[PDB]
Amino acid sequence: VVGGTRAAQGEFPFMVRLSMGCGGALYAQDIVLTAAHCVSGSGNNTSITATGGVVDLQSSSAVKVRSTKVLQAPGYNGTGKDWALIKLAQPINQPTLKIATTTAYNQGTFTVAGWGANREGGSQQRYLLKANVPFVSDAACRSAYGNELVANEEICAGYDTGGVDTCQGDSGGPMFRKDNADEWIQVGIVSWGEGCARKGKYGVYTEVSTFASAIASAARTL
């Protein structure tokens, strides 16, 4: 995350760090929602580790749990549909992040968080960083990215003049905001962008509302 500040311990307890250099959210205590592009595909897999419970990855309170299976979005092949679920062998005992099932919250000021680079080309981070980025219309995003944008499956955010954005290593993490009931709700998954925090180059996120029933469907059978 570029242009952010340190998240406090316990502030976003649903955040998890994945071992291949991605973030994720606890959709269930033993099910991590991340980006399809952070993994190879669906199958029983135990080579991934999720670290939960801490903002400081070096903390003795970190809980590291191994994956048992990976379910990449059905139909994913690199163009849109950027979501995946990772079933954990043990649950991480922290609150889960509700996902948006309607488009009602695809607007406003979002919150992003991750252990990715805090400057384009930079190193990953020890401490979780958070930032706020504004919703950007698909049209504004299309002027920035042209045919690369899959409008009904991607939601954009960031400032036209740059400065605040997710960056390498933040992929897979949740983009969220409050709902009417004062609960965080997930509207996006960090997916891609051109550079980080550049002028005119917004961050692109998986539009969770488009995939919510499919993610829930996958989760019940995972």
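The first residue of the sequence shown is number 1, and the count goes up from there.
Checked against the record, the higher mean CA B factor of 160 to 168 and 63 to 71 lies with 63 to 71. In this entry, the higher average B-factor at the C-alpha atoms falls on 100 to 108, of the pair 127 to 135 and 100 to 108. Of the candidates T49, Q186, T34, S191, the PDB record gives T49 the highest C-alpha temperature factor.
Among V150, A113, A117, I86, the highest C-alpha B-factor recorded in the PDB entry belongs to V150. In the PDB entry, a CA B factor belonging to the lowest third of its chain's modelled residues is recorded for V204.
Looking at the C-alpha B-factors along this chain, the one for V39 belongs to the highest third. Placement of the Cα temperature factor of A28 within the chain: middle third of the modelled residues, per the deposited record. Annotation for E154: CA B-factor lies in the middle third of the chain's modelled residues. Looking at the C-alpha B-factors along this chain, the one for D182 belongs to the highest third.
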